[PDB]
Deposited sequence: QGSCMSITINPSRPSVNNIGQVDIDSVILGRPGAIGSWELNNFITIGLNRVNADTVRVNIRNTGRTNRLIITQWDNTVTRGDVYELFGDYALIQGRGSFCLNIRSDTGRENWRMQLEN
């Protein structure tokens, strides 16, 4: 920082600064995303269970290979309340951003 289980996060990644969303990814983990400025999306975590991992990807459909992704990053999710930030520009040409838990 600084498919079953995947959710579309374009509402925040491709939104103007100010954009906010919140997802319950399983019974233990809630992830809020908030584009706090033009350069940055804050990930807000509440995890009431064991350590898990968040995996952020960006998808495209191709003519030859079907759906393919690029890995943006992946991040430990310890128990408790915390956050970290992603450097992703508000005006990116990339779409179909997704997040999912590892486990």
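The sole unmodelled region of the deposited chain is 3-17.
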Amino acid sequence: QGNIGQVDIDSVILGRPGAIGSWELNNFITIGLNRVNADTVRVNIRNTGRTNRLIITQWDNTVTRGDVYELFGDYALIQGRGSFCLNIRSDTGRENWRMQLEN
From here on, numbers count along this sequence of modelled residues.
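Relative to its counterpart among 54-62 and 31-39, 54-62 has the higher mean temperature factor, C-alpha atoms as listed in the PDB entry. With 81-89 and 13-21 compared on mean CA B-factor from the PDB entry, the stretch scoring higher is 81-89. Per the deposited record, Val68 carries the highest C-alpha B-factor of all listed residues (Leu71, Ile45, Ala76, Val68). When the modelled residues of the chain are ordered by their C-alpha B factor, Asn96 lands in the middle third.
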